[PDB]
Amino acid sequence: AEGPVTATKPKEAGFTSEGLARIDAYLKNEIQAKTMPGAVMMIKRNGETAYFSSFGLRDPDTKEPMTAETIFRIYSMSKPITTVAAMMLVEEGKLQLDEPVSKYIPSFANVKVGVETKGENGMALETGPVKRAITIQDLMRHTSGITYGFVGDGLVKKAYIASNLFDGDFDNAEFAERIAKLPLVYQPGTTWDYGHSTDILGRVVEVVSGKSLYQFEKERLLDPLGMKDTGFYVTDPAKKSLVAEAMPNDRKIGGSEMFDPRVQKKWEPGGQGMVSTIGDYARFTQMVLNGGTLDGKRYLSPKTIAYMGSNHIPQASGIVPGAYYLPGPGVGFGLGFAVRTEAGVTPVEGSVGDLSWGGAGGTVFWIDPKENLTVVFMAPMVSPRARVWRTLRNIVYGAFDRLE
């Protein structure tokens, strides 16, 4: 419990009051069940705030309250931000989608692809050349052969884990070199597989701009949008106590405790590193919903936004799903967004063309152009995150009084 953060206009937003009350009841029940210590959620539709409420605690140990100003590790919700940054360089003609990553990070020129095969002592890796160079587009839509060691299983993934990629205090340049030493899981430009591509893309942004990923983003996006609590580390002493923490039994991601964003380090990974607030991220998603503009400032053209929100892995692309196609049936993938392709099929409510992604620490968003809708939700949690996110989709769409 705690409730509304601001005034709302649910009827002009095309919802019922009864419908939106289902969100309150669901979230209060989940907090009671210890799914999360607390939660904050914002719904924007037809240019109005339909819903903006805070419940429970931001940290179950300190018992500090959940607030709009609470700062979350957003993990993979870093990726749309990184991709937008890269597309700004594309619009300026400083970066191209068909270019090889090796143009900017030469160590990717001679990466090899690992294939599992039987040896004398069980399965082992054979390695061979890439048929095509990894492209910038490949990074943006996760068809590069670059993977995550901790997602699923496989010999290349085991090699990632064995290389201890996250040891020490290193920067985006050093991380890119670590990744380039590993075999690829698939031939570049053939297969969708989620991974460290966006961390590599972040380094490309640095090479092109001559700035750190954060400084580039700060100047071009975060400052002008008013995302004043978005970055990679919480360095302001006044804001360190605002970091959301999960229930004690649900604080591990990738087998390790969540990183402490209050202690600044060199790494600024565009795939996983960011911290933000619900208000900051909603400004970002409203800007995207608006076709690249907010409060009279343009960040990307509406054509660029439409292009990012298009399916870049339909059958016509030649791309196939890998062993771990996270979006599932009826959902494709664009430049940093899952893109719904079927009205039914996917087992959650939504609209063809809706755009979404989430973070391993419990944060999620979606953007629904058809319904003039964006939703951001943040609660610190890991294990139950997917079922909560899916349920929230069903409740939000179930609360509609009309279609746009």
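Start at 1 and count along the sequence shown; that's the residue number.
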### Summary
When mean C-alpha B-factors in the record are compared for 224-232 and 78-86, the larger belongs to 224-232
### Query
As stated in the PDB record, which stretch has the larger average Cα B-factor, 59-67 or 350-358?
59-67
### Query
Considering only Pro314, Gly334, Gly128, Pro329, which residue's Cα atom bears the greatest B-factor as recorded?
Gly128
### Task
Can you pull the Cα B-factors for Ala33, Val364, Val40, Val339 from the entry and say which is highest?
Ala33
### Query
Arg22's Cα B-factor: lowest, middle or highest third of the chain?
middle
### Query
Looking at the C-alpha B-factor of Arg387, is it in the lowest, middle or highest third of its chain?
middle
### Message
By the recorded C-alpha temperature factor, relative to the other modelled residues in its chain, which third is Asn110 in?
### Response
highest
### Task
Consider only the C-alpha atoms of the modelled residues in this chain, order them by B-factor as the entry records it, and name the third containing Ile395: lowest, middle or highest.
lowest
### Query
Comparing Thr135 with the other modelled residues of its chain, is its CA B-factor in the lowest, middle or highest third?
lowest
